[PDB]
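Asks: One file: target.pdb (PDB, C-alpha atoms and all ligand atoms).
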```pdb
ATOM      1  CA  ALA C   1     142.567  38.071 111.489
ATOM      2  CA  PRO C   2     144.103  41.528 111.045
ATOM      3  CA  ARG C   3     147.729  41.962 112.163
ATOM      4  CA  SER C   4     146.666  44.759 114.523
ATOM      5  CA  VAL C   5     143.443  45.794 116.204
ATOM      6  CA  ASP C   6     142.765  48.727 118.546
ATOM      7  CA  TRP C   7     139.139  49.216 119.629
ATOM      8  CA  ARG C   8     140.093  52.406 121.474
ATOM      9  CA  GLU C   9     140.529  54.082 118.072
ATOM     10  CA  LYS C  10     136.922  53.197 117.190
ATOM     11  CA  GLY C  11     135.381  54.660 120.357
ATOM     12  CA  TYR C  12     134.701  51.370 122.189
ATOM     13  CA  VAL C  13     136.623  52.074 125.378
ATOM     14  CA  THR C  14     136.091  54.384 128.349
ATOM     15  CA  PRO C  15     139.106  56.076 129.973
ATOM     16  CA  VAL C  16     141.205  54.155 132.489
ATOM     17  CA  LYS C  17     139.536  53.860 135.887
ATOM     18  CA  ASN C  18     140.969  53.141 139.352
ATOM     19  CA  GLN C  19     139.638  50.419 141.635
ATOM     20  CA  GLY C  20     141.534  51.838 144.625
ATOM     21  CA  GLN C  21     141.685  49.735 147.776
ATOM     22  CA  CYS C  22     138.869  47.397 146.890
ATOM     23  CA  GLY C  23     139.313  43.995 145.232
ATOM     24  CA  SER C  24     136.914  44.861 142.400
ATOM     25  CA  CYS C  25     139.144  44.174 139.391
ATOM     26  CA  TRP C  26     136.558  41.678 138.052
ATOM     27  CA  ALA C  27     133.883  44.446 138.123
ATOM     28  CA  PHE C  28     136.054  46.798 136.030
ATOM     29  CA  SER C  29     136.877  43.997 133.545
ATOM     30  CA  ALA C  30     133.133  43.256 133.235
ATOM     31  CA  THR C  31     132.042  46.891 132.828
ATOM     32  CA  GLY C  32     134.771  47.335 130.211
ATOM     33  CA  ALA C  33     133.541  44.399 128.150
ATOM     34  CA  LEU C  34     129.887  45.456 128.508
ATOM     35  CA  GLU C  35     130.771  49.087 127.604
ATOM     36  CA  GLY C  36     132.287  47.725 124.388
ATOM     37  CA  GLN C  37     129.365  45.486 123.478
ATOM     38  CA  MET C  38     126.790  48.175 124.290
ATOM     39  CA  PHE C  39     128.763  50.540 122.004
ATOM     40  CA  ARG C  40     128.797  47.913 119.236
ATOM     41  CA  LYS C  41     125.044  47.483 119.564
ATOM     42  CA  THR C  42     123.916  51.131 120.032
ATOM     43  CA  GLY C  43     126.736  53.457 118.932
ATOM     44  CA  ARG C  44     126.677  55.135 122.399
ATOM     45  CA  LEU C  45     129.546  54.786 124.887
ATOM     46  CA  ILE C  46     128.256  55.048 128.447
ATOM     47  CA  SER C  47     130.461  54.375 131.454
ATOM     48  CA  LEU C  48     128.930  51.656 133.641
ATOM     49  CA  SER C  49     128.743  51.186 137.418
ATOM     50  CA  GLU C  50     131.308  48.863 139.009
ATOM     51  CA  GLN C  51     129.770  49.730 142.402
ATOM     52  CA  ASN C  52     126.427  48.278 141.215
ATOM     53  CA  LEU C  53     128.259  45.015 140.467
ATOM     54  CA  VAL C  54     130.209  45.069 143.739
ATOM     55  CA  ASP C  55     127.087  45.691 145.874
ATOM     56  CA  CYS C  56     124.514  43.585 144.049
ATOM     57  CA  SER C  57     126.027  40.506 142.350
ATOM     58  CA  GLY C  58     126.531  38.363 145.445
ATOM     59  CA  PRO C  59     123.632  36.073 144.487
ATOM     60  CA  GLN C  60     125.481  35.183 141.273
ATOM     61  CA  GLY C  61     128.661  34.280 143.184
ATOM     62  CA  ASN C  62     130.663  37.502 143.393
ATOM     63  CA  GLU C  63     132.321  38.578 146.630
ATOM     64  CA  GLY C  64     132.285  42.369 146.518
ATOM     65  CA  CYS C  65     135.652  43.964 147.296
ATOM     66  CA  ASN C  66     137.031  40.483 147.950
ATOM     67  CA  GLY C  67     136.958  39.196 144.370
ATOM     68  CA  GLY C  68     134.683  37.799 141.726
ATOM     69  CA  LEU C  69     134.261  36.504 138.209
ATOM     70  CA  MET C  70     133.422  38.463 135.073
ATOM     71  CA  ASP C  71     130.958  35.773 133.932
ATOM     72  CA  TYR C  72     129.063  36.109 137.239
ATOM     73  CA  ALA C  73     128.851  39.868 136.568
ATOM     74  CA  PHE C  74     127.454  39.202 133.080
ATOM     75  CA  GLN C  75     124.971  36.766 134.643
ATOM     76  CA  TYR C  76     123.880  39.407 137.191
ATOM     77  CA  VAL C  77     123.139  41.913 134.448
ATOM     78  CA  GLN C  78     120.961  39.354 132.641
ATOM     79  CA  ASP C  79     119.223  38.145 135.822
ATOM     80  CA  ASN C  80     118.686  41.711 137.027
ATOM     81  CA  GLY C  81     117.401  43.051 133.728
ATOM     82  CA  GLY C  82     119.832  45.975 133.788
ATOM     83  CA  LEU C  83     122.866  47.783 135.099
ATOM     84  CA  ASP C  84     123.146  51.375 136.234
ATOM     85  CA  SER C  85     125.429  54.037 134.752
ATOM     86  CA  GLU C  86     128.655  55.079 136.458
ATOM     87  CA  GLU C  87     127.213  58.594 136.817
ATOM     88  CA  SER C  88     124.019  57.351 138.544
ATOM     89  CA  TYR C  89     125.760  54.865 140.888
ATOM     90  CA  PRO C  90     129.271  56.116 141.471
ATOM     91  CA  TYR C  91     132.321  54.148 142.542
ATOM     92  CA  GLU C  92     133.107  54.172 146.285
ATOM     93  CA  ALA C  93     135.688  51.336 146.617
ATOM     94  CA  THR C  94     133.870  49.747 149.567
ATOM     95  CA  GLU C  95     130.972  47.311 150.061
ATOM     96  CA  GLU C  96     127.553  48.674 150.855
ATOM     97  CA  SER C  97     123.908  47.718 150.401
ATOM     98  CA  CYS C  98     122.647  47.141 146.859
ATOM     99  CA  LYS C  99     121.176  50.391 145.574
ATOM    100  CA  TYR C 100     120.312  49.298 142.010
ATOM    101  CA  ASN C 101     117.542  51.438 140.531
ATOM    102  CA  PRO C 102     116.025  50.229 137.239
ATOM    103  CA  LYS C 103     115.175  53.869 136.342
ATOM    104  CA  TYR C 104     118.935  54.446 135.833
ATOM    105  CA  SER C 105     119.723  51.299 133.888
ATOM    106  CA  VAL C 106     121.665  51.951 130.669
ATOM    107  CA  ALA C 107     122.860  48.431 129.741
ATOM    108  CA  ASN C 108     121.578  44.892 129.433
ATOM    109  CA  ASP C 109     122.941  41.523 128.394
ATOM    110  CA  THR C 110     121.586  38.148 127.301
ATOM    111  CA  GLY C 111     124.356  35.938 128.676
ATOM    112  CA  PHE C 112     127.988  35.480 127.781
ATOM    113  CA  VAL C 113     130.454  33.520 125.654
ATOM    114  CA  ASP C 114     133.536  31.733 127.042
ATOM    115  CA  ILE C 115     136.327  31.676 124.458
ATOM    116  CA  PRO C 116     138.410  28.511 123.758
ATOM    117  CA  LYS C 117     141.635  28.488 125.805
ATOM    118  CA  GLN C 118     144.013  29.346 122.980
ATOM    119  CA  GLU C 119     145.532  32.620 121.882
ATOM    120  CA  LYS C 120     144.419  32.071 118.251
ATOM    121  CA  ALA C 121     140.808  31.914 119.439
ATOM    122  CA  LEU C 122     141.283  34.967 121.650
ATOM    123  CA  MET C 123     142.692  36.889 118.692
ATOM    124  CA  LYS C 124     139.687  35.832 116.543
ATOM    125  CA  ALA C 125     137.342  37.045 119.184
ATOM    126  CA  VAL C 126     139.108  40.376 119.735
ATOM    127  CA  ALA C 127     139.184  40.985 115.974
ATOM    128  CA  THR C 128     135.410  40.382 115.531
ATOM    129  CA  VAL C 129     133.584  41.187 118.805
ATOM    130  CA  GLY C 130     135.366  44.072 120.527
ATOM    131  CA  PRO C 131     137.108  44.277 123.888
ATOM    132  CA  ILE C 132     137.281  40.964 125.771
ATOM    133  CA  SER C 133     137.395  40.243 129.524
ATOM    134  CA  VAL C 134     140.452  38.176 130.466
ATOM    135  CA  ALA C 135     142.055  36.666 133.556
ATOM    136  CA  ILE C 136     145.810  37.094 134.017
ATOM    137  CA  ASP C 137     148.530  36.209 136.543
ATOM    138  CA  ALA C 138     149.366  39.754 137.768
ATOM    139  CA  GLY C 139     150.914  38.565 141.058
ATOM    140  CA  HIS C 140     154.452  39.680 140.352
ATOM    141  CA  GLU C 141     156.525  42.695 141.343
ATOM    142  CA  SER C 142     157.416  43.065 137.656
ATOM    143  CA  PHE C 143     153.710  43.692 136.957
ATOM    144  CA  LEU C 144     153.038  45.922 139.952
ATOM    145  CA  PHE C 145     156.028  48.101 138.913
ATOM    146  CA  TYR C 146     155.502  47.812 135.129
ATOM    147  CA  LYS C 147     156.064  51.037 133.180
ATOM    148  CA  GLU C 148     156.898  50.437 129.458
ATOM    149  CA  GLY C 149     157.153  47.990 126.594
ATOM    150  CA  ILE C 150     156.089  44.429 126.158
ATOM    151  CA  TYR C 151     155.551  42.702 129.493
ATOM    152  CA  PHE C 152     157.153  39.247 129.849
ATOM    153  CA  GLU C 153     157.612  37.575 133.234
ATOM    154  CA  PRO C 154     159.526  34.237 133.197
ATOM    155  CA  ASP C 155     157.744  33.083 136.386
ATOM    156  CA  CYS C 156     154.205  33.822 135.066
ATOM    157  CA  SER C 157     151.568  31.108 135.358
ATOM    158  CA  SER C 158     149.026  30.153 132.712
ATOM    159  CA  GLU C 159     146.847  28.377 135.333
ATOM    160  CA  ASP C 160     146.947  30.556 138.464
ATOM    161  CA  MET C 161     145.325  33.845 137.410
ATOM    162  CA  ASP C 162     144.472  36.451 140.046
ATOM    163  CA  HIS C 163     143.336  39.613 138.188
ATOM    164  CA  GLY C 164     140.585  40.470 135.701
ATOM    165  CA  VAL C 165     141.436  42.988 132.963
ATOM    166  CA  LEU C 166     140.295  43.903 129.443
ATOM    167  CA  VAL C 167     141.936  43.152 126.085
ATOM    168  CA  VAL C 168     141.166  46.078 123.754
ATOM    169  CA  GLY C 169     143.368  44.996 120.822
ATOM    170  CA  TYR C 170     146.711  43.591 119.789
ATOM    171  CA  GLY C 171     149.658  44.448 117.578
ATOM    172  CA  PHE C 172     153.378  44.146 117.146
ATOM    173  CA  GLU C 173     156.543  46.153 117.810
ATOM    174  CA  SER C 174     159.266  46.804 115.247
ATOM    175  CA  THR C 175     158.432  44.674 112.149
ATOM    176  CA  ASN C 176     158.590  37.464 120.191
ATOM    177  CA  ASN C 177     157.388  40.981 119.221
ATOM    178  CA  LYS C 178     153.642  40.630 119.330
ATOM    179  CA  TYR C 179     151.473  41.974 122.154
ATOM    180  CA  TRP C 180     148.005  42.179 123.534
ATOM    181  CA  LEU C 181     146.766  45.698 124.407
ATOM    182  CA  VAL C 182     145.416  45.388 127.958
ATOM    183  CA  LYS C 183     143.422  48.021 129.893
ATOM    184  CA  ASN C 184     144.027  47.797 133.661
ATOM    185  CA  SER C 185     142.009  49.369 136.517
ATOM    186  CA  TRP C 186     144.875  50.816 138.545
ATOM    187  CA  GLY C 187     144.564  54.369 137.267
ATOM    188  CA  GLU C 188     146.528  56.164 134.597
ATOM    189  CA  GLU C 189     149.758  56.513 136.658
ATOM    190  CA  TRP C 190     150.431  52.753 136.373
ATOM    191  CA  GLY C 191     151.936  51.327 133.166
ATOM    192  CA  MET C 192     151.478  53.117 129.853
ATOM    193  CA  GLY C 193     148.716  55.530 130.817
ATOM    194  CA  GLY C 194     147.040  52.632 132.625
ATOM    195  CA  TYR C 195     147.632  50.106 129.817
ATOM    196  CA  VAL C 196     150.063  47.234 129.465
ATOM    197  CA  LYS C 197     151.329  45.461 126.357
ATOM    198  CA  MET C 198     151.260  41.782 127.357
ATOM    199  CA  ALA C 199     153.434  39.255 125.406
ATOM    200  CA  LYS C 200     151.260  37.620 122.711
ATOM    201  CA  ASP C 201     151.788  34.245 121.029
ATOM    202  CA  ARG C 202     154.316  33.190 123.651
ATOM    203  CA  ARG C 203     152.431  30.069 124.762
ATOM    204  CA  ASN C 204     149.612  31.804 126.642
ATOM    205  CA  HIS C 205     151.845  34.002 128.754
ATOM    206  CA  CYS C 206     150.341  34.812 132.178
ATOM    207  CA  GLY C 207     147.187  32.883 131.249
ATOM    208  CA  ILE C 208     145.701  35.632 129.123
ATOM    209  CA  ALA C 209     143.695  33.106 127.049
ATOM    210  CA  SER C 210     142.801  30.791 129.945
ATOM    211  CA  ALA C 211     139.514  32.465 131.032
ATOM    212  CA  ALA C 212     138.486  34.951 128.378
ATOM    213  CA  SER C 213     134.868  35.905 127.838
ATOM    214  CA  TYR C 214     132.402  38.583 126.751
ATOM    215  CA  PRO C 215     128.699  39.463 127.253
ATOM    216  CA  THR C 216     126.163  38.857 124.539
ATOM    217  CA  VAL C 217     123.775  41.762 123.949
TER     218      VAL C 217
HETATM  219  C1  LIG V 301     140.875  41.933 141.778
HETATM  220  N1  LIG V 301     140.982  43.088 142.306
HETATM  221  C2  LIG V 301     141.090  40.654 142.517
HETATM  222  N2  LIG V 301     141.119  39.493 141.647
HETATM  223  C3  LIG V 301     139.998  38.769 141.360
HETATM  224  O1  LIG V 301     138.877  39.023 141.833
HETATM  225  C4  LIG V 301     140.263  37.710 140.312
HETATM  226  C5  LIG V 301     139.328  37.976 139.127
HETATM  227  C6  LIG V 301     138.937  36.574 138.611
HETATM  228  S1  LIG V 301     140.218  36.070 137.435
HETATM  229  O2  LIG V 301     140.090  36.975 136.293
HETATM  230  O3  LIG V 301     141.482  35.949 138.092
HETATM  231  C7  LIG V 301     139.783  34.411 136.944
HETATM  232  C8  LIG V 301     140.575  33.349 137.359
HETATM  233  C9  LIG V 301     140.254  32.066 136.992
HETATM  234  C10 LIG V 301     139.142  31.825 136.228
HETATM  235  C11 LIG V 301     138.347  32.849 135.807
HETATM  236  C12 LIG V 301     138.673  34.142 136.161
HETATM  237 CL1  LIG V 301     137.630  35.354 135.566
HETATM  238  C13 LIG V 301     138.889  35.734 139.920
HETATM  239  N3  LIG V 301     139.955  36.345 140.740
HETATM  240  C14 LIG V 301     140.707  35.743 141.667
HETATM  241  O4  LIG V 301     141.644  36.372 142.171
HETATM  242  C15 LIG V 301     140.377  34.321 141.995
HETATM  243  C16 LIG V 301     138.968  34.137 142.530
HETATM  244  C17 LIG V 301     138.207  33.088 142.056
HETATM  245  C18 LIG V 301     136.941  32.881 142.535
HETATM  246  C19 LIG V 301     136.411  33.724 143.487
HETATM  247  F1  LIG V 301     135.154  33.493 143.950
HETATM  248  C20 LIG V 301     137.145  34.771 143.981
HETATM  249  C21 LIG V 301     138.446  34.965 143.508
HETATM  250  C22 LIG V 301     141.487  33.470 142.591
HETATM  251  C23 LIG V 301     141.046  33.238 141.145
HETATM  252  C24 LIG V 301     140.562  40.491 143.924
HETATM  253  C25 LIG V 301     142.055  40.648 143.686
END
```
What's the structure tokens form of this structure?
Replies:
Amino acid sequence: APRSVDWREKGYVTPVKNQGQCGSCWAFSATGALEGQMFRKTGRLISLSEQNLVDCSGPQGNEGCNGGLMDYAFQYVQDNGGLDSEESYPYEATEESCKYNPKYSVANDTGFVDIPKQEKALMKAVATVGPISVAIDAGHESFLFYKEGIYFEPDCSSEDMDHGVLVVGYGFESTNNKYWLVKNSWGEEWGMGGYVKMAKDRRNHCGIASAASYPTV
């Protein structure tokens, strides 16, 4: 694979969003990945509706503002035959009745791919596909209060993940210096404009390769 990848530089990635006081991280991870794959396919970047996922993907197993899985979101989009745009179905950070309207659908998917649970495989996938949904262990004050540089938490778990985010690339600092470029959903005042550089090739730090996946389109 290349030594560095950054899909943001190719137009694959919407600006950093903010989930607010709703446990919808999984919905932002899933819209991020689908935004990327729709861009790959069509050349058009259109921001997608997390609220549509929050309100409507219960049947697939998601739990609204209480949590969910990116693969269940990808399944919803396939089952449903569409997903509305962010503009048409804006984000409210609370649960409400499903208001999906097929007239405003701007995305589709045909399923999803679960990546092997190794960082080499995750790198392969990022290098070829685009941005990738990942699970991480973000349950640490060091993460909540992260500002700069490559994030490494000695007490991170590779099994107990609690937050869905989006890998948009990877690289290295200087010339234990590799990182994953990770888009969060906590607004642009957290981290590096809303991004974190997660330690890469340090034995699956924080579980970043433990539940990685993307939608097929
Ligand atoms: C986001 N605001 C919150 N976190 C979750 O909803 C996370 C997202 C996924 S994950 O990325 O952690 C994960 C973990 C293991 C395997 C696959 C994935 Cl995609 C699930 N989340 C959770 O916190 C858990 C969960 C699992 C199943 C479920 F139905 C609801 C939650 C505990 C793993 C809401 C804080």
Asks: Of the candidates C:164, C:15, C:131, C:149, which shows the shortest atom-to-atom distance to ligand LIG 301 (chain V), using all atoms listed in the file?
Replies: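 Looking only at the distances to ligand LIG 301 (chain V), the closest residue turns out to be C:164.
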Asks: Please compute the CA of residue 83 (chain C)-CA of residue 161 (chain C) distance, one decimal, in Å.
Replies: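 CA of residue 161 (chain C) lies at a distance of 26.5 Å from CA of residue 83 (chain C).
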Asks: Select the residues contacting ligand LIG 301 (chain V) at a distance of at most 6 Å, based on all atoms listed in the file, then format the selection as a VMD selection string.
Replies: chain C and resid 23 to 26 66 to 70 134 to 135 161 to 164 211
Asks: Between C:89, C:78, C:12, C:120, which residue has the minimum interatomic distance to residue 41 (chain C), considering only C-alpha atoms?
Replies: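 Of all the options, C:12 lies closest to residue 41 (chain C).
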Asks: Measuring between all atoms listed in the file, which one of C:13, C:165, C:127, C:53 shows the shortest distance to residue 38 (chain C)?
Replies: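 Distance minimum relative to residue 38 (chain C) lands on C:13.
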Asks: Quick one: everything within 7 Å of region 168-181 of chain C, counting only C-alpha atoms, minus sequence neighbours fewer than 6 positions away in the same chain. Send it as an NGL selection string.
Replies: :C and (3-8 or 126 or 130-132 or 150 or 196-202)
Asks: Nearest to residue 167 (chain C) among C:84, C:92, C:119, C:189, with distances taken over all atoms listed in the file: which residue is it?
Replies: C:119
